[PDB]
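Participant: This is the content of my_file36.csv (CSV, N, CA, C and O atoms):
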chain,number,residue,atom,x,y,z
A,296,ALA,N,17.3,74.0,-81.6
A,296,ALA,CA,17.8,75.2,-82.3
A,296,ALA,C,17.7,76.3,-81.3
A,296,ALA,O,16.6,76.5,-80.7
A,297,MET,N,18.8,77.0,-81.0
A,297,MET,CA,18.8,78.2,-80.1
A,297,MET,C,19.3,79.4,-80.8
A,297,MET,O,19.8,79.3,-81.9
A,298,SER,N,19.0,80.6,-80.2
A,298,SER,CA,19.5,81.8,-80.7
A,298,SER,C,20.8,82.3,-80.0
A,298,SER,O,20.9,82.0,-78.8
A,299,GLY,N,21.6,83.0,-80.6
A,299,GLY,CA,22.8,83.5,-80.0
A,299,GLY,C,23.5,84.6,-80.9
A,299,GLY,O,23.2,84.8,-82.1
A,300,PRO,N,24.5,85.3,-80.3
A,300,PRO,CA,25.2,86.3,-81.1
A,300,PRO,C,26.1,85.8,-82.2
A,300,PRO,O,26.6,84.7,-82.1
A,301,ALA,N,26.2,86.6,-83.2
A,301,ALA,CA,26.9,86.1,-84.4
A,301,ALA,C,28.4,86.4,-84.3
A,301,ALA,O,29.2,85.8,-85.0
A,302,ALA,N,28.8,87.4,-83.5
A,302,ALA,CA,30.2,87.8,-83.4
A,302,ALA,C,30.5,88.1,-81.9
A,302,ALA,O,29.6,88.1,-81.1
A,303,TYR,N,31.8,88.4,-81.7
A,303,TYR,CA,32.2,88.7,-80.3
A,303,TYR,C,31.8,90.2,-80.0
A,303,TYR,O,31.4,90.9,-80.8
A,304,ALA,N,32.0,90.5,-78.7
A,304,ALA,CA,31.8,91.9,-78.3
A,304,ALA,C,33.2,92.6,-78.4
A,304,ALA,O,34.2,92.1,-78.0
A,305,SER,N,33.2,93.8,-79.0
A,305,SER,CA,34.4,94.5,-79.1
A,305,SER,C,34.7,95.4,-77.9
A,305,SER,O,33.8,95.9,-77.2
A,306,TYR,N,36.0,95.5,-77.6
A,306,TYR,CA,36.4,96.5,-76.6
A,306,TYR,C,37.7,97.1,-77.1
A,306,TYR,O,38.7,96.5,-77.2
A,307,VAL,N,37.6,98.4,-77.4
A,307,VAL,CA,38.7,99.2,-78.0
A,307,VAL,C,39.0,100.3,-76.9
A,307,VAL,O,38.2,100.8,-76.2
A,308,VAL,N,40.3,100.6,-76.9
A,308,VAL,CA,40.8,101.5,-75.8
A,308,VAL,C,40.8,103.0,-76.4
A,308,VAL,O,41.5,103.8,-75.9
A,309,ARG,N,40.0,103.2,-77.4
A,309,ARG,CA,39.9,104.5,-78.0
A,309,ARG,C,39.3,105.5,-77.1
A,309,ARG,O,38.5,105.2,-76.2
A,310,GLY,N,39.6,106.8,-77.3
A,310,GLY,CA,39.0,107.9,-76.6
A,310,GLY,C,39.7,108.3,-75.3
A,310,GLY,O,41.0,108.3,-75.3
A,311,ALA,N,39.0,108.5,-74.3
A,311,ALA,CA,39.5,109.0,-73.0
A,311,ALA,C,40.2,107.9,-72.2
A,311,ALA,O,40.8,108.1,-71.2
A,312,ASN,N,39.9,106.6,-72.6
A,312,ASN,CA,40.6,105.5,-72.0
A,312,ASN,C,42.1,105.5,-72.4
A,312,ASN,O,42.9,105.0,-71.6
A,313,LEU,N,42.4,106.1,-73.5
A,313,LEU,CA,43.8,106.0,-74.0
A,313,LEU,C,44.7,107.0,-73.3
A,313,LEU,O,45.9,106.8,-73.2
A,314,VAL,N,44.1,108.1,-72.8
A,314,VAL,CA,44.9,109.1,-72.1
A,314,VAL,C,45.3,108.6,-70.7
A,314,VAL,O,46.5,108.8,-70.4
A,315,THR,N,44.4,108.0,-70.0
A,315,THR,CA,44.8,107.4,-68.7
A,315,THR,C,45.6,106.1,-68.9
A,315,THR,O,46.4,105.8,-68.0
A,316,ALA,N,45.6,105.5,-70.0
A,316,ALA,CA,46.4,104.3,-70.3
A,316,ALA,C,47.8,104.7,-70.6
A,316,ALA,O,48.7,103.9,-70.3
A,317,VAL,N,48.0,105.8,-71.2
A,317,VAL,CA,49.4,106.3,-71.5
A,317,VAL,C,50.0,107.0,-70.3
A,317,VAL,O,51.1,106.8,-69.9
A,318,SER,N,49.2,108.0,-69.7
A,318,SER,CA,49.7,108.8,-68.6
A,318,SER,C,49.9,108.0,-67.4
A,318,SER,O,50.9,108.0,-66.8
A,319,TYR,N,48.8,107.3,-67.0
A,319,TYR,CA,49.0,106.4,-65.8
A,319,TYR,C,49.1,105.0,-66.3
A,319,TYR,O,49.0,104.7,-67.5
A,320,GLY,N,49.3,104.0,-65.4
A,320,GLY,CA,49.4,102.7,-65.8
A,320,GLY,C,48.1,101.9,-65.8
A,320,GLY,O,48.2,100.6,-65.7
A,321,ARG,N,47.0,102.5,-65.9
A,321,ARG,CA,45.7,101.9,-65.7
A,321,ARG,C,44.7,102.3,-66.8
A,321,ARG,O,45.0,103.3,-67.5
A,322,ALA,N,43.6,101.6,-66.9
A,322,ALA,CA,42.6,101.8,-68.0
A,322,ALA,C,41.3,101.2,-67.5
A,322,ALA,O,41.3,100.1,-67.1
A,323,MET,N,40.2,102.0,-67.7
A,323,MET,CA,38.9,101.5,-67.4
A,323,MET,C,38.4,100.5,-68.4
A,323,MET,O,39.1,100.1,-69.3
A,324,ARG,N,37.2,100.0,-68.1
A,324,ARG,CA,36.4,99.4,-69.1
A,324,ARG,C,35.1,100.2,-69.1
A,324,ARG,O,34.4,100.3,-68.1
A,325,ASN,N,34.7,100.7,-70.3
A,325,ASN,CA,33.6,101.6,-70.5
A,325,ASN,C,33.7,102.9,-69.6
A,325,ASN,O,33.0,103.0,-68.7
A,326,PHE,N,34.7,103.7,-69.9
A,326,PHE,CA,35.0,104.9,-69.2
A,326,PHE,C,33.8,105.9,-69.2
A,326,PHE,O,33.5,106.6,-68.2
A,327,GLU,N,33.1,105.9,-70.4
A,327,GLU,CA,32.0,106.9,-70.6
A,327,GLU,C,30.8,106.6,-69.8
A,327,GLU,O,30.2,107.6,-69.3
A,328,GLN,N,30.4,105.4,-69.6
A,328,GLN,CA,29.3,105.0,-68.8
A,328,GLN,C,29.7,105.1,-67.3
A,328,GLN,O,28.9,105.3,-66.4
A,329,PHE,N,31.0,104.9,-67.0
A,329,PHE,CA,31.5,105.0,-65.7
A,329,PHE,C,31.6,106.4,-65.2
A,329,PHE,O,31.7,106.7,-64.0
A,330,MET,N,31.7,107.4,-66.2
A,330,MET,CA,31.8,108.8,-65.9
A,330,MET,C,30.4,109.4,-65.7
A,330,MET,O,30.2,110.2,-64.8
A,331,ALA,N,29.4,108.9,-66.4
A,331,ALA,CA,28.0,109.4,-66.3
A,331,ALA,C,27.4,108.9,-65.0
A,331,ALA,O,26.3,109.5,-64.6
A,332,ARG,N,28.0,108.0,-64.3
A,332,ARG,CA,27.5,107.6,-62.9
A,332,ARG,C,28.0,108.6,-61.9
A,332,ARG,O,27.3,109.0,-61.0
A,333,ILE,N,29.3,109.0,-62.0
A,333,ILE,CA,29.9,109.8,-60.9
A,333,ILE,C,29.5,111.3,-61.1
A,333,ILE,O,28.9,111.8,-60.2
A,334,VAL,N,29.9,111.9,-62.2
A,334,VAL,CA,29.9,113.3,-62.2
A,334,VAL,C,28.7,113.9,-63.0
A,334,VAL,O,28.2,115.0,-62.6
A,335,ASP,N,28.1,113.1,-63.9
A,335,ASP,CA,27.0,113.6,-64.6
A,335,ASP,C,25.7,113.5,-63.8
A,335,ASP,O,24.8,114.4,-63.9
A,336,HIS,N,25.6,112.5,-63.0
A,336,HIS,CA,24.4,112.3,-62.1
A,336,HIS,C,24.8,111.6,-60.8
A,336,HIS,O,24.7,110.3,-60.8
A,337,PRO,N,25.3,112.3,-59.8
A,337,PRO,CA,25.7,111.7,-58.6
A,337,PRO,C,24.5,111.2,-57.8
A,337,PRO,O,23.3,111.2,-58.2
A,338,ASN,N,24.8,110.8,-56.5
A,338,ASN,CA,24.0,110.4,-55.4
A,338,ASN,C,22.7,109.7,-55.8
A,338,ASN,O,21.6,110.0,-55.4
A,339,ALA,N,22.8,108.7,-56.7
A,339,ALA,CA,21.7,107.8,-57.2
A,339,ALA,C,22.0,106.4,-56.7
A,339,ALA,O,23.0,105.8,-57.1
A,340,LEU,N,21.1,105.9,-55.9
A,340,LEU,CA,21.3,104.5,-55.4
A,340,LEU,C,21.1,103.5,-56.5
A,340,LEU,O,20.3,103.7,-57.4
A,341,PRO,N,21.9,102.4,-56.5
A,341,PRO,CA,21.9,101.4,-57.5
A,341,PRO,C,20.6,100.6,-57.5
A,341,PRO,O,20.1,100.2,-56.5
A,342,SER,N,20.0,100.5,-58.7
A,342,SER,CA,18.7,99.8,-58.8
A,342,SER,C,18.7,99.0,-60.1
A,342,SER,O,18.9,99.6,-61.2
A,343,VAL,N,18.4,97.7,-60.0
A,343,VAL,CA,18.7,96.7,-61.1
A,343,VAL,C,17.8,97.0,-62.3
A,343,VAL,O,18.2,96.6,-63.4
A,344,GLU,N,16.7,97.6,-62.1
A,344,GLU,CA,15.8,97.9,-63.3
A,344,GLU,C,16.4,99.0,-64.2
A,344,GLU,O,16.2,99.0,-65.4
B,296,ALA,N,54.7,152.1,-59.8
B,296,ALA,CA,53.5,151.6,-60.4
B,296,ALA,C,53.8,150.3,-61.1
B,296,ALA,O,54.8,150.3,-61.9
B,297,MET,N,53.0,149.3,-60.9
B,297,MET,CA,53.1,148.1,-61.8
B,297,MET,C,51.7,147.6,-62.0
B,297,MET,O,50.8,147.9,-61.4
B,298,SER,N,51.7,146.6,-63.0
B,298,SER,CA,50.4,146.1,-63.5
B,298,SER,C,50.5,144.6,-63.5
B,298,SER,O,51.1,144.0,-64.3
B,299,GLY,N,49.7,143.9,-62.5
B,299,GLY,CA,49.7,142.5,-62.5
B,299,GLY,C,48.2,142.0,-62.5
B,299,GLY,O,47.3,142.8,-62.7
B,300,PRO,N,48.1,140.7,-62.2
B,300,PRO,CA,46.7,140.2,-62.1
B,300,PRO,C,46.0,140.6,-60.8
B,300,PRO,O,46.7,141.0,-59.8
B,301,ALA,N,44.7,140.4,-60.8
B,301,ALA,CA,43.9,140.8,-59.7
B,301,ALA,C,43.3,139.6,-58.9
B,301,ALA,O,42.9,139.8,-57.8
B,302,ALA,N,43.4,138.4,-59.5
B,302,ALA,CA,42.8,137.2,-58.8
B,302,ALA,C,43.8,136.1,-59.0
B,302,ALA,O,44.7,136.1,-59.8
B,303,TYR,N,43.6,135.0,-58.2
B,303,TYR,CA,44.3,133.8,-58.4
B,303,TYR,C,43.8,133.1,-59.7
B,303,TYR,O,42.7,133.3,-60.1
B,304,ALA,N,44.7,132.2,-60.2
B,304,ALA,CA,44.2,131.3,-61.2
B,304,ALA,C,43.5,130.2,-60.5
B,304,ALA,O,43.8,129.7,-59.4
B,305,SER,N,42.4,129.7,-61.1
B,305,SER,CA,41.5,128.7,-60.5
B,305,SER,C,41.8,127.3,-61.2
B,305,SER,O,41.6,127.2,-62.4
B,306,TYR,N,42.3,126.3,-60.4
B,306,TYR,CA,42.3,125.0,-60.9
B,306,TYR,C,41.3,124.1,-60.1
B,306,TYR,O,41.5,124.1,-58.8
B,307,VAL,N,40.4,123.5,-60.7
B,307,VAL,CA,39.4,122.7,-60.1
B,307,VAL,C,39.3,121.4,-60.8
B,307,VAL,O,39.5,121.3,-62.1
B,308,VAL,N,39.1,120.3,-60.1
B,308,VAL,CA,39.0,118.9,-60.7
B,308,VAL,C,37.6,118.8,-61.2
B,308,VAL,O,36.7,118.6,-60.5
B,309,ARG,N,37.5,118.9,-62.5
B,309,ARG,CA,36.2,118.8,-63.2
B,309,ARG,C,36.0,117.3,-63.6
B,309,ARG,O,36.8,116.4,-63.3
B,310,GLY,N,35.0,117.1,-64.5
B,310,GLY,CA,34.4,115.8,-64.7
B,310,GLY,C,35.3,114.7,-65.3
B,310,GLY,O,35.0,113.5,-65.3
B,311,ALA,N,36.4,115.2,-66.0
B,311,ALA,CA,37.2,114.2,-66.6
B,311,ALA,C,38.4,113.8,-65.6
B,311,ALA,O,38.8,112.6,-65.6
B,312,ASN,N,38.9,114.8,-64.9
B,312,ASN,CA,39.8,114.5,-63.8
B,312,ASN,C,39.2,113.9,-62.6
B,312,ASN,O,39.9,113.2,-61.8
B,313,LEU,N,37.9,114.1,-62.4
B,313,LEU,CA,37.2,113.6,-61.2
B,313,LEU,C,37.0,112.1,-61.2
B,313,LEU,O,36.9,111.5,-60.1
B,314,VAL,N,36.9,111.5,-62.4
B,314,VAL,CA,36.8,110.1,-62.5
B,314,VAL,C,38.1,109.4,-62.1
B,314,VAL,O,38.2,108.4,-61.3
B,315,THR,N,39.2,109.9,-62.6
B,315,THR,CA,40.5,109.4,-62.3
B,315,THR,C,41.0,109.7,-60.9
B,315,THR,O,41.9,109.0,-60.4
B,316,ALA,N,40.5,110.8,-60.3
B,316,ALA,CA,40.8,111.1,-58.9
B,316,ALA,C,40.1,110.1,-58.0
B,316,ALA,O,40.7,109.7,-57.0
B,317,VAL,N,38.8,109.8,-58.2
B,317,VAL,CA,38.1,108.9,-57.4
B,317,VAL,C,38.6,107.5,-57.6
B,317,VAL,O,38.9,106.7,-56.7
B,318,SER,N,38.6,107.0,-58.9
B,318,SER,CA,38.8,105.6,-59.2
B,318,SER,C,40.3,105.2,-59.1
B,318,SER,O,40.6,104.2,-58.4
B,319,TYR,N,41.2,106.0,-59.7
B,319,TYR,CA,42.6,105.6,-59.7
B,319,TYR,C,43.4,106.2,-58.5
B,319,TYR,O,44.5,105.7,-58.2
B,320,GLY,N,42.9,107.2,-57.9
B,320,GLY,CA,43.7,107.9,-56.9
B,320,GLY,C,44.8,108.7,-57.5
B,320,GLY,O,45.8,109.0,-56.8
B,321,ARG,N,44.8,109.1,-58.8
B,321,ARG,CA,45.7,110.0,-59.4
B,321,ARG,C,45.0,111.0,-60.3
B,321,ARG,O,44.2,110.6,-61.1
B,322,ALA,N,45.2,112.3,-60.1
B,322,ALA,CA,44.6,113.3,-61.0
B,322,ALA,C,45.7,114.0,-61.7
B,322,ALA,O,46.9,113.7,-61.6
B,323,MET,N,45.3,115.0,-62.5
B,323,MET,CA,46.2,115.7,-63.4
B,323,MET,C,45.7,117.1,-63.6
B,323,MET,O,44.5,117.4,-63.7
B,324,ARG,N,46.7,118.0,-63.7
B,324,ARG,CA,46.4,119.4,-64.1
B,324,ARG,C,46.1,119.4,-65.6
B,324,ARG,O,46.9,118.9,-66.4
B,325,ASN,N,45.0,120.0,-66.0
B,325,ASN,CA,44.5,120.3,-67.3
B,325,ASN,C,44.5,119.0,-68.2
B,325,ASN,O,45.4,118.8,-69.1
B,326,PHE,N,43.5,118.1,-67.9
B,326,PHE,CA,43.3,116.9,-68.6
B,326,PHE,C,43.0,117.1,-70.1
B,326,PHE,O,43.4,116.3,-70.9
B,327,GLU,N,42.4,118.3,-70.4
B,327,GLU,CA,42.0,118.5,-71.8
B,327,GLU,C,43.2,118.8,-72.7
B,327,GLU,O,43.1,118.5,-73.9
B,328,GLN,N,44.3,119.3,-72.2
B,328,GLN,CA,45.4,119.5,-73.0
B,328,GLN,C,46.2,118.2,-73.2
B,328,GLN,O,46.9,118.0,-74.2
B,329,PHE,N,46.2,117.4,-72.2
B,329,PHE,CA,46.8,116.0,-72.3
B,329,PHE,C,46.0,115.2,-73.3
B,329,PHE,O,46.6,114.4,-74.0
B,330,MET,N,44.7,115.4,-73.4
B,330,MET,CA,43.9,114.7,-74.3
B,330,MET,C,44.0,115.2,-75.7
B,330,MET,O,43.9,114.5,-76.7
B,331,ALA,N,44.2,116.5,-75.8
B,331,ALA,CA,44.2,117.1,-77.2
B,331,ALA,C,45.6,117.0,-77.8
B,331,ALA,O,45.8,117.7,-78.8
B,332,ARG,N,46.5,116.3,-77.2
B,332,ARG,CA,47.8,116.1,-77.8
B,332,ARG,C,48.2,114.6,-78.0
B,332,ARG,O,48.9,114.2,-78.9
B,333,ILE,N,47.6,113.7,-77.1
B,333,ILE,CA,47.9,112.3,-77.3
B,333,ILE,C,47.0,111.7,-78.4
B,333,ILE,O,47.5,111.0,-79.2
B,334,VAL,N,45.7,112.0,-78.4
B,334,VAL,CA,44.8,111.3,-79.3
B,334,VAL,C,44.4,112.2,-80.5
B,334,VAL,O,44.1,111.7,-81.5
B,335,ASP,N,44.4,113.5,-80.3
B,335,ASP,CA,44.0,114.4,-81.4
B,335,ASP,C,45.1,114.7,-82.3
B,335,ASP,O,44.9,114.7,-83.6
B,336,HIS,N,46.3,115.0,-81.8
B,336,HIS,CA,47.5,115.3,-82.7
B,336,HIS,C,48.7,114.6,-82.2
B,336,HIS,O,49.6,115.1,-81.6
B,337,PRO,N,48.8,113.3,-82.5
B,337,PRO,CA,49.8,112.4,-81.8
B,337,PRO,C,51.2,112.6,-82.4
B,337,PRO,O,52.2,112.2,-81.7
B,338,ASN,N,51.3,113.2,-83.6
B,338,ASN,CA,52.6,113.3,-84.3
B,338,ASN,C,53.2,114.7,-84.2
B,338,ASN,O,54.2,115.0,-84.8
B,339,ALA,N,52.5,115.6,-83.5
B,339,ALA,CA,52.9,117.0,-83.4
B,339,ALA,C,54.2,117.2,-82.5
B,339,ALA,O,54.1,116.8,-81.3
B,340,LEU,N,55.3,117.6,-83.1
B,340,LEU,CA,56.5,117.8,-82.3
B,340,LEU,C,56.3,119.0,-81.4
B,340,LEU,O,55.5,120.0,-81.7
B,341,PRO,N,57.0,119.0,-80.2
B,341,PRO,CA,56.8,120.1,-79.3
B,341,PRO,C,57.6,121.4,-79.8
B,341,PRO,O,58.8,121.4,-79.9
B,342,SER,N,56.8,122.4,-80.2
B,342,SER,CA,57.3,123.7,-80.5
B,342,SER,C,57.0,124.7,-79.4
B,342,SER,O,56.2,124.4,-78.5
B,343,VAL,N,57.6,125.9,-79.5
B,343,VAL,CA,57.5,126.8,-78.4
B,343,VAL,C,56.3,127.7,-78.5
B,343,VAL,O,55.6,127.9,-77.5
B,344,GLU,N,55.9,128.1,-79.7
B,344,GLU,CA,54.9,129.1,-79.9
B,344,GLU,C,53.5,128.4,-79.9
B,344,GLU,O,52.5,129.0,-79.4
Kindly return the structure encoded in the file as structure tokens.
Facilitator:
Amino acid sequence: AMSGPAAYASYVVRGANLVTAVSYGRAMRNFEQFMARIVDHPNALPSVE
Amino acid sequence: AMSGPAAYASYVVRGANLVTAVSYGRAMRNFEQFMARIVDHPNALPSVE
């Protein structure tokens, strides 16, 4: 007997993903976490922890 | 005598345009107005006032 997730993971293009998906021909995955790396807190070296 | 502005208008790529400028290589003038019409009021017809 093992443990595991009961459902799939959702990915919805709601929010600021939708503006770049309509205006340009592209769309991120997790725009919000991708934005907090660049502009909210720059020059931070990647660390797995 | 005439009366005009005293300074330039300032356009700067802030945190929502800066992600699409770095990642996609395409930016946009006034992202917040594009976002406040596509996702906030999608059915609003273009009026002048």
Participant: With a cut-off of 6 Å and counting only N, CA, C and O atoms, select all residues of chain A in contact with chain B and give the selection as a PyMOL selection string.
Facilitator: chain A and resi 314+330+334
Participant: Least-squares fit chain B onto chain A by Cα, in order, and just send back the RMSD.
Facilitator: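 The superposed chains show a C-alpha RMSD of 0.6 Å.
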Participant: Which parts of chain A does DSSP call helix (DSSP H, G or I) when run on the backbone here, written out as number ranges by chain?
Facilitator: A: 311-318, 326-333
Participant: Save out the residues we just selected, N, CA, C and O atoms, as a PDB file, in the coordinates of the input.
Facilitator:
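Written output follows (again-v3.pdb):
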ATOM      1  N   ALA A 311      39.000 108.500 -74.300  1.00  0.00           N
ATOM      2  CA  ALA A 311      39.500 109.000 -73.000  1.00  0.00           C
ATOM      3  C   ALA A 311      40.200 107.900 -72.200  1.00  0.00           C
ATOM      4  O   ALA A 311      40.800 108.100 -71.200  1.00  0.00           O
ATOM      5  N   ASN A 312      39.900 106.600 -72.600  1.00  0.00           N
ATOM      6  CA  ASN A 312      40.600 105.500 -72.000  1.00  0.00           C
ATOM      7  C   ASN A 312      42.100 105.500 -72.400  1.00  0.00           C
ATOM      8  O   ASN A 312      42.900 105.000 -71.600  1.00  0.00           O
ATOM      9  N   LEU A 313      42.400 106.100 -73.500  1.00  0.00           N
ATOM     10  CA  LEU A 313      43.800 106.000 -74.000  1.00  0.00           C
ATOM     11  C   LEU A 313      44.700 107.000 -73.300  1.00  0.00           C
ATOM     12  O   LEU A 313      45.900 106.800 -73.200  1.00  0.00           O
ATOM     13  N   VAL A 314      44.100 108.100 -72.800  1.00  0.00           N
ATOM     14  CA  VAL A 314      44.900 109.100 -72.100  1.00  0.00           C
ATOM     15  C   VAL A 314      45.300 108.600 -70.700  1.00  0.00           C
ATOM     16  O   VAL A 314      46.500 108.800 -70.400  1.00  0.00           O
ATOM     17  N   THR A 315      44.400 108.000 -70.000  1.00  0.00           N
ATOM     18  CA  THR A 315      44.800 107.400 -68.700  1.00  0.00           C
ATOM     19  C   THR A 315      45.600 106.100 -68.900  1.00  0.00           C
ATOM     20  O   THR A 315      46.400 105.800 -68.000  1.00  0.00           O
ATOM     21  N   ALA A 316      45.600 105.500 -70.000  1.00  0.00           N
ATOM     22  CA  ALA A 316      46.400 104.300 -70.300  1.00  0.00           C
ATOM     23  C   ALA A 316      47.800 104.700 -70.600  1.00  0.00           C
ATOM     24  O   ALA A 316      48.700 103.900 -70.300  1.00  0.00           O
ATOM     25  N   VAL A 317      48.000 105.800 -71.200  1.00  0.00           N
ATOM     26  CA  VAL A 317      49.400 106.300 -71.500  1.00  0.00           C
ATOM     27  C   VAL A 317      50.000 107.000 -70.300  1.00  0.00           C
ATOM     28  O   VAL A 317      51.100 106.800 -69.900  1.00  0.00           O
ATOM     29  N   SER A 318      49.200 108.000 -69.700  1.00  0.00           N
ATOM     30  CA  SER A 318      49.700 108.800 -68.600  1.00  0.00           C
ATOM     31  C   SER A 318      49.900 108.000 -67.400  1.00  0.00           C
ATOM     32  O   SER A 318      50.900 108.000 -66.800  1.00  0.00           O
ATOM     33  N   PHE A 326      34.700 103.700 -69.900  1.00  0.00           N
ATOM     34  CA  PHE A 326      35.000 104.900 -69.200  1.00  0.00           C
ATOM     35  C   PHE A 326      33.800 105.900 -69.200  1.00  0.00           C
ATOM     36  O   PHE A 326      33.500 106.600 -68.200  1.00  0.00           O
ATOM     37  N   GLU A 327      33.100 105.900 -70.400  1.00  0.00           N
ATOM     38  CA  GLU A 327      32.000 106.900 -70.600  1.00  0.00           C
ATOM     39  C   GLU A 327      30.800 106.600 -69.800  1.00  0.00           C
ATOM     40  O   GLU A 327      30.200 107.600 -69.300  1.00  0.00           O
ATOM     41  N   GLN A 328      30.400 105.400 -69.600  1.00  0.00           N
ATOM     42  CA  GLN A 328      29.300 105.000 -68.800  1.00  0.00           C
ATOM     43  C   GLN A 328      29.700 105.100 -67.300  1.00  0.00           C
ATOM     44  O   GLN A 328      28.900 105.300 -66.400  1.00  0.00           O
ATOM     45  N   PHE A 329      31.000 104.900 -67.000  1.00  0.00           N
ATOM     46  CA  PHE A 329      31.500 105.000 -65.700  1.00  0.00           C
ATOM     47  C   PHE A 329      31.600 106.400 -65.200  1.00  0.00           C
ATOM     48  O   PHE A 329      31.700 106.700 -64.000  1.00  0.00           O
ATOM     49  N   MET A 330      31.700 107.400 -66.200  1.00  0.00           N
ATOM     50  CA  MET A 330      31.800 108.800 -65.900  1.00  0.00           C
ATOM     51  C   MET A 330      30.400 109.400 -65.700  1.00  0.00           C
ATOM     52  O   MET A 330      30.200 110.200 -64.800  1.00  0.00           O
ATOM     53  N   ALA A 331      29.400 108.900 -66.400  1.00  0.00           N
ATOM     54  CA  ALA A 331      28.000 109.400 -66.300  1.00  0.00           C
ATOM     55  C   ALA A 331      27.400 108.900 -65.000  1.00  0.00           C
ATOM     56  O   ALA A 331      26.300 109.500 -64.600  1.00  0.00           O
ATOM     57  N   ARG A 332      28.000 108.000 -64.300  1.00  0.00           N
ATOM     58  CA  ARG A 332      27.500 107.600 -62.900  1.00  0.00           C
ATOM     59  C   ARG A 332      28.000 108.600 -61.900  1.00  0.00           C
ATOM     60  O   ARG A 332      27.300 109.000 -61.000  1.00  0.00           O
ATOM     61  N   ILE A 333      29.300 109.000 -62.000  1.00  0.00           N
ATOM     62  CA  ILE A 333      29.900 109.800 -60.900  1.00  0.00           C
ATOM     63  C   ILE A 333      29.500 111.300 -61.100  1.00  0.00           C
ATOM     64  O   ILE A 333      28.900 111.800 -60.200  1.00  0.00           O
TER      65      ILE A 333
END
Participant: Any idea what the distance is between atom CA of residue 325 of chain A and atom CA of residue 306 of chain A?
Facilitator: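 That distance, rounded to one decimal, is 8.4 Å.
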Participant: Separation of atom O of residue 344 of chain B and atom O of residue 324 of chain B, in Å?
Facilitator: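 These two atoms are separated by 17.4 Å.
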Participant: If I take atom C of residue 320 of chain B and atom CA of residue 316 of chain A, how far is one from the other in Å, to one decimal?
Facilitator: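 Computed distance, atom C of residue 320 of chain B to atom CA of residue 316 of chain A, equals 13.6 Å.
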